[PDB]
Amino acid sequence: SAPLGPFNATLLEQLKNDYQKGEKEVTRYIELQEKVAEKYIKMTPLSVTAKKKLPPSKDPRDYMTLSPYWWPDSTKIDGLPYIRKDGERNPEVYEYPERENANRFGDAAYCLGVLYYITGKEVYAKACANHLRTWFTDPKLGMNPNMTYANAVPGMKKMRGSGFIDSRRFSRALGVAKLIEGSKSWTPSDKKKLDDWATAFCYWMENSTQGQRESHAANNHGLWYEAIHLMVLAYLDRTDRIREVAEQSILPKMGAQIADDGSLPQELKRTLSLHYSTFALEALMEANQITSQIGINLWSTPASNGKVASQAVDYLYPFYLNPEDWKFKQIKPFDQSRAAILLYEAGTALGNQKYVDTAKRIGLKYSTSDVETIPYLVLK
């Protein structure tokens, strides 16, 4: 029975079972994955402190990024205050090294922790443990447990960012640390420091003004906030909190954000409206992987007004078959492969075999190294 964490636990338990039964298909797949993982063992651990331009706190351990749709104003002598262009990522985002470094850290730790659970090999736990210590708990390299300066917007006064949805990159790795507990490399003191950081980040999330605001966001940001919250609570074994969050926040949010026709109107107004409709459902999906491990199915449990998240999957399914039919603003081509994992997760959750068929027809490449597809041999 898999420990509580940020992954489809059914798919992981069965890959581990089949790997240990020596089944030929799974064993070939896992050996492939093991070759993909090699770069993660040799990879030097990343730190949030590897930046030159410091945040207003002057502390390199504070995570800082630029809100990706905000651009210098050509008509102002210093380009301040920045102006918003929805859907156009300002390439200055890549001058803040946390942005892509949290992604690389997140990929390494997730790939290594999963392969530790599946194979048992101590070597993967050791590499995982090394990325975790440096990114989180280390007293010089470790990241401070806050997102004060995520998605800053130059020239904005109070505007205390535009969200900390960036967290999902490293908070998936936080959840995966649960998989290496009991290994020889992850000592009891390692787990205490990490618990203590997670307790401090959860507190920041629930009590800081930026946390409270993001807990009440009206679009996919509120949904991603709770997905991240659940990752942190599940790492801390706060399963009753997980139940309070789903019933008192997640379910209300879907009740309001889904319309009667199953569309997501807060996302339909974006310049990337098919992408953000999917990005909202991607949040529910990852929240569900955690909630359904304690018997709460977020795809079919209704909100108090009777709406269910499956109505929104229903609304998008035709356009996952033919994105060209999408009739709202989408100023960049939509990646259809995002529907495979999505329809497979909603599909199995609902007994909708039409969804699952379509997920496999779309499929994921067998030899892909995208770590988020490691559990999905079934789509390969």
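Just count from 1 along the sequence shown to find any residue number.
Colleague: Tell me which stretch, 310-318 or 61-69, has the higher mean Cα B-factor listed in the entry.
Modeller: Per the PDB record, 310-318.
Colleague: Highest mean C-alpha temperature factor of the two stretches 45-53 and 328-336, which is it?
Modeller: Higher of the two, by average CA B-factor, is 328-336.
Colleague: Sort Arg104, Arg160, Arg213, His229 by C-alpha B-factor from the entry and give me just the highest.
Modeller: Highest C-alpha B-factor among the listed residues goes to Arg160.
Colleague: Per the PDB entry, which option out of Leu264, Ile250, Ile180, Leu194 has the greatest Cα B factor?
Modeller: Among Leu264, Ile250, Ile180, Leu194, the highest C-alpha B-factor in the entry belongs to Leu264.
Colleague: Considering only modelled residues of the same chain, in which third does the CA B-factor of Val36 rank: lowest, middle or highest?
Modeller: Highest third, going by the recorded CA B-factors of the chain.
Colleague: Ranking every modelled residue in this chain by its Cα temperature factor as given in the entry, which third contains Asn130?
Modeller: Its C-alpha B-factor, which the entry lists for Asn130, ranks in the lowest third among residues of this chain.
Colleague: Within this chain, which third does the Cα B-factor at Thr278 fall in: lowest, middle or highest?
Modeller: Middle third.
Colleague: Consider only the C-alpha atoms of the modelled residues in this chain, order them by B-factor as the entry records it, and name the third containing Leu12: lowest, middle or highest.
Modeller: Its C-alpha B-factor, which the entry lists for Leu12, ranks in the highest third among residues of this chain.
Colleague: Looking at the entry's B-factor column for C-alpha atoms only, identify whether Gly175 ranks in the lowest, middle or highest third of its chain.
Modeller: Lowest third, going by the recorded CA B-factors of the chain.
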